[PDB]
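Have a look at the structure below, then the notes.
There are 2 protein chains.
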Amino acid sequence: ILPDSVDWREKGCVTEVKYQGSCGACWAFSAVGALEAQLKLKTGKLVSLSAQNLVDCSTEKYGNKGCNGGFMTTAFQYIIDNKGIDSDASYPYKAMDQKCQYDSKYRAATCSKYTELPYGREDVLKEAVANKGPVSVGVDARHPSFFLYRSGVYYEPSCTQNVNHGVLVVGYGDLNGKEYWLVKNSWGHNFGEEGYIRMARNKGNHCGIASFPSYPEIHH
Amino acid sequence: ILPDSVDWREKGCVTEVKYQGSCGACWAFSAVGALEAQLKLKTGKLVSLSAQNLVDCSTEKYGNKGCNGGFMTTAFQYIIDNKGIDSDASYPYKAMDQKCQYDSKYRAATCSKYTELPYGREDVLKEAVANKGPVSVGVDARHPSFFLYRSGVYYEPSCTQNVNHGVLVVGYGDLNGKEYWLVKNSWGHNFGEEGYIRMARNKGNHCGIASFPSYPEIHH
Ligand SMILES: CS(=O)(=O)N1CCN(c2ccc3nncn3n2)CC1
Ligand SMILES: CS(=O)(=O)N1CCN(c2ccc3nncn3n2)CC1
Numbered sequence: 001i002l003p004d005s006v007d008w009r010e011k012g013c014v015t016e017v018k019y020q021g022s023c024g025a026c027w028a029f030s031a032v033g034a035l036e037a038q039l040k041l042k043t044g045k046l047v048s049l050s051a052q053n054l055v056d057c058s059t060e061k062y063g064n065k066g067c068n069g070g071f072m073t074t075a076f077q078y079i080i081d082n083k084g085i086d087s088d089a090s091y092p093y094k095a096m097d098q099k100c101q102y103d104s105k106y107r108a109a110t111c112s113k114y115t116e117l118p119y120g121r122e123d124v125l126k127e128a129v130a131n132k133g134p135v136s137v138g139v140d141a142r143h144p145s146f147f148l149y150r151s152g153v154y155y156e157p158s159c160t161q162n163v164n165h166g167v168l169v170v171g172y173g174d175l176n177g178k179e180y181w182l183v184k185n186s187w188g189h190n191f192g193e194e195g196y197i198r199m200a201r202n203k204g205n206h207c208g209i210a211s212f213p214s215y216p217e218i219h220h
Numbered sequence: 221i222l223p224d225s226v227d228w229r230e231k232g233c234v235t236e237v238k239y240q241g242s243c244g245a246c247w248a249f250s251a252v253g254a255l256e257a258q259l260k261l262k263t264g265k266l267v268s269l270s271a272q273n274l275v276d277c278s279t280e281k282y283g284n285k286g287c288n289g290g291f292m293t294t295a296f297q298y299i300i301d302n303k304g305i306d307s308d309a310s311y312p313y314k315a316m317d318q319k320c321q322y323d324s325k326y327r328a329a330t331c332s333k334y335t336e337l338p339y340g341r342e343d344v345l346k347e348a349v350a351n352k353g354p355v356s357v358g359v360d361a362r363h364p365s366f367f368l369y370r371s372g373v374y375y376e377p378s379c380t381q382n383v384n385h386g387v388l389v390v391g392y393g394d395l396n397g398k399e400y401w402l403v404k405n406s407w408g409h410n411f412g413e414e415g416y417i418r419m420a421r422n423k424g425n426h427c428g429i430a431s432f433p434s435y436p437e438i439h440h
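If you read the protein sequences in the order shown, they are chains A and B.
Just so we're aligned, residue 1 is where the first sequence starts under our numbering, counting upward by one.
Just so we're aligned, residue 221 is where the second sequence starts under our numbering, counting upward by one.
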């Protein structure tokens with residue numbers, strides 16, 4: 001029986017909201033956020049990981065295009081292949097494409113595997129967020145209403161399953177009879193509810209939130 | 221220990237080569253080809269499955285755009301969710317977007333699940349082709365050499381891991397020192413080696429062939 005609500009911020013597994021600026025690196029922020037939680041679960045330490053390291057290093061071999069987009073799964077595979085990712089403090093975010101500057105001296109996490117959830121299954125996504133941790137997802141963030149979200153549970157009749165923006169599901173619940181996913185964005189604290197958006201849950205895979213979920217793991 | 225060469229056509233698990241014509245339905249052909257093999261393994265029948273059913277019915281809610289492209293994995297999820305796919309004979313291919321005409325009375329196959337292989341791992345792809353069946357993959361077909369291919373092992377110096385064309389790996393082997401993946405295309409029998417292309421194997425994930433591999437399975 002799954003909990004009726006989850007919020008991984010209550011377990012110290014979520015870092016401060018980040019600001020991606022004019023660089024389309026949401027995929028990199030989504031991927032580091034999922035791995036940050038697993039790092040906390042394994043080591044007890046909450047550490048922001050380097051989205052810039054993914055932008056600069058998880059590049060064309062990984063199907064990624066830096067500030068012009070990419071994939072959370074292939075970011076995970078780069079972390080596996082590279083045998084590490086640097087901390088954000090060591091390898092800070094510049095919102096630009098740069099030369100690869102990875103250095104194992106500054107490694108703050110590893111990754112051993114990743115899992116992709118089945119397409120559109122919000123029950124399976126609920127299980128994963130309850131039992132595994134925060135889950136990387138894509139959402140359709142194209143609609144003017146998304147940018148203007150301030151409160152409540154986001155439901156946009158014009159939303160599609162054509163996803164364009166990587167984000168992080170850190171929880172779920174029910175507000176005033178509306179089920180929601182708790183989503184951490186990378187547009188700074190100004191966006192939404194201190195950087196978060198509650199997005200409609202069990203409303204037909206609204207905005208594609210359960211289309212392409214993935215999460216990493218760190219083994220012994 | 222894996223076999224040095226595999227060809228699923230010798231196992232009776234590969235249908236005749238199809239012709240997509242002016243419709244970008246490669247994803248749909250790739251998906252039905254992978255499931256046709258599993259249907260043969262479960263039932264003993266080799267049956268062409270309806271790519272048109274996927275074009276018409278695995279649409280916006282699956283992130284697909286019919287003749288303008290789509291995903292093999294979300295095609296598999298459509299078949300799971302729909303509890304079926306029709307035969308090609310009952311629901312033939314017209315190389316255009318149509319209204320959904322699925323009818324369960326023409327069901328030829330089901331799907332219980334699908335598996336996405338880890339990114340870029342040609343050894344894992346080899347294991348899957350040897351032990352599970354033909355595998356749906358994407359390749360970078362954005363080079364004139366792919367269109368002009370006639371025979372032998374295809375290697376394109378300009379190839380990338382930015383994949384755009386869904387195809388089916390039906391085997392692997394080597395041509396006098398040159399390892400290859402045996403790929404079934406959907407550009408008719410005049411393409412390549414009577415519909416097939418042998419693509420370079422163990423050459424750094426050449427043309428992204430091991431970027432995004434998936435295969436479906438049928439209950440039992
Ligand atoms: C950057 S994004 O968050 O908008 N989004 C783009 C789509 N991505 C896909 C696409 C097909 C697919 N099949 N399996 C996993 N995916 N993931 C996920 C990342
Ligand atoms: C139509 S295609 O054959 O060129 N190709 C497009 C890319 N697709 C992706 C994309 C991201 C992704 N992340 N994980 C799994 N995939 N699959 C697979 C299908």
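C-beta atoms are modelled at their ideal positions from N, C-alpha and C, and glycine is treated no differently.
Taking non-hydrogen atoms of ligand 2 into account, the C-beta of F432 (chain B) is found less than 6 Å away from one of them. Of the heavy atoms belonging to ligand 2, at least one sits nearer than 6 Å to the Cβ of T73 (chain A). Exposed is the label assigned to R370 (chain B), since fewer than 16 other Cβ atoms lie within 10 Å of its Cβ. Counting along the chain, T115 (chain A) sits inside the beta strand (DSSP E) bounded by residues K113 to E116.
Taking 7 Å as the threshold, the shortest C-beta distance from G63 (chain A) to chain B falls below it. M292 (chain B) sits in a helix when the DSSP states are folded into three classes. At a cut-off of 7 Å between beta carbons, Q297 (chain B) contacts chain A.
As DSSP reads the structure, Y435 (chain B) sits in a beta bridge with B:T335. Assignment of beta-bridge partners to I299 (chain B) by DSSP yields no partner. Rounded to whole angstroms, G241 (chain B) and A315 (chain B) show a C-alpha spacing of 6 Å. With respect to chain B, the C-beta atom of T74 (chain A) has a partner C-beta closer than 7 Å. A residue is called buried once 16 or more other Cβ atoms fall within 10 Å of its Cβ, and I221 (chain B), having fewer, is exposed.
DSSP places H165 (chain A) in the strand class (E or B) of the three-state scheme. Relative to ligand 1, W27 (chain A) has its C-beta within less than 6 Å of a heavy atom. Residue contact with chain B for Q38 (chain A): absent (no Cβ-Cβ distance below 7 Å to any residue of chain B). Here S324 (chain B) is exposed, its C-beta having fewer than 16 other C-beta atoms within 10 Å. Taking a contact to require three or more Cβ pairs closer than 8 Å, the segment 119-139 of chain A and the segment 44-63 of chain A do not qualify as touching. Residue nearest to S136 (chain A) within the set A:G171, A:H143 and A:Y155 is A:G171 (criterion: CA-CA distance).
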